[PDB]
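Student:
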Amino acid sequence: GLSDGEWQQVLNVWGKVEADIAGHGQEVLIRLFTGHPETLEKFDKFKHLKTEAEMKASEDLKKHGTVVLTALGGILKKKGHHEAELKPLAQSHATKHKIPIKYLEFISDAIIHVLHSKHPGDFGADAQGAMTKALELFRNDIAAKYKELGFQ
Ligand code: HEM
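Per our numbering, residue 1 is the first one in the sequence shown, and the count goes up by one each step.
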């Protein structure tokens, strides 16, 4: 549950992402894959990437980063009223991709890391607080759907 002022912060931060969605999406995925190499094994189309240089050179990885962040931005712009947008993603991630909730924690922290890395000194303590709360809400509502499905 976020206040109006917290949502305003989230959507202000998101404007930074929307100026370069592909660059942000690329770096989020590279941070996930390099920090948590077991996550790479869930992607049949990226498992061939052995080095970070290959990851950086991959245009398909940048494309997927755009898909991921476009979906997240659509959810965030709903300010919590995201049941219709979140349900298909929870279902596909539990039943088809088999993504444990832990990996959604990993990517949430990776988003925070990338924002500080690309905007040092311009991602303030209030903005970090509000973005963190929004990613927690996203993760918590997915977790509820995971429990319904019995997925661990
Ligand atoms: C911010 C969180 C995330 C968002 C919004 C997101 C969004 C999406 C979207 C929109 C798709 C394509 C449609 C679909 O299959 O439902 C996708 C595919 C996928 N997601 Fe996620 N995702 C997230 C996190 C993750 C994480 C943490 C993993 C794995 C560690 C992951 C693994 C996958 C895989 C394996 C695919 C299929 C890729 C393919 O082969 O083309 N996702 N995701």
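Even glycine gets a Cβ: it sits at the ideal position worked out from N, Cα and C.
Do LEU86 and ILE21 have their beta-carbon atoms positioned less than 8 angstroms apart in this structure?
Tutor: Result no, Cβ atoms of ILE21 and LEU86 do not sit closer than 8 angstroms.
Student: Closer than 7 angstroms: is that where the CB of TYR103 sits relative to any heavy atom of the ligand HEM?
Tutor: Checking every heavy atom of the ligand HEM against the Cβ of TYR103, one is found closer than 7 angstroms.
Student: Taking only the alpha-carbon atoms, compute the straight-line gap between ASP60 and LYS45 and give it to the nearest angstrom.
Tutor: Each residue's Cα considered, the two are about 9 angstroms apart.
Student: In terms of residue numbering, what span does the alpha helix (DSSP H) encompassing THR66 cover?
Tutor: Counting along the chain, the alpha helix (DSSP H) containing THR66 begins and ends at 59 to 76.
Student: I'd like to check one pair, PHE106 with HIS36: are the Cβ atoms closer than 8 angstroms?
Tutor: Contact: yes.
Student: Label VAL10 either buried or exposed according to how many other C-beta atoms from any shown protein chain fall within 10 Å of its C-beta, with 16 as the threshold for buried.
Tutor: With 16 or more Cβ atoms within 10 Å of its Cβ, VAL10 is classed as buried.
Student: Using only the heavy atoms of the ligand HEM, determine whether one of them is closer than 7 angstroms to the beta carbon of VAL67.
Tutor: Checking the Cβ of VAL67 against the ligand HEM gives yes.
Student: Label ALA84 either buried or exposed according to how many other C-beta atoms from any shown protein chain fall within 10 Å of its C-beta, with 16 as the threshold for buried.
Tutor: Classification of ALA84: exposed, given that the 10 Å Cβ count is below 16.
Student: Specify the secondary structure class of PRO37 as computed by DSSP and reduced to three states.
Tutor: Reduced to three states, the DSSP call for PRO37 is helix.
Student: Could you check whether the Cβ of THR95 sits closer than 7 angstroms to any heavy atom belonging to the ligand HEM?
Tutor: No, the ligand HEM has no heavy atom inside 7 angstroms of this Cβ.
Student: Does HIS116 come out as helix, strand or coil in the three-state DSSP assignment?
Tutor: Looking at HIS116 - three-state DSSP - the assignment turns out to be helix.
Student: Determine the direct distance from the alpha carbon of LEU2 to that of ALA134, and round the result to whole angstroms.
Tutor: Spanning the two alpha carbons is a distance of roughly 7 angstroms.
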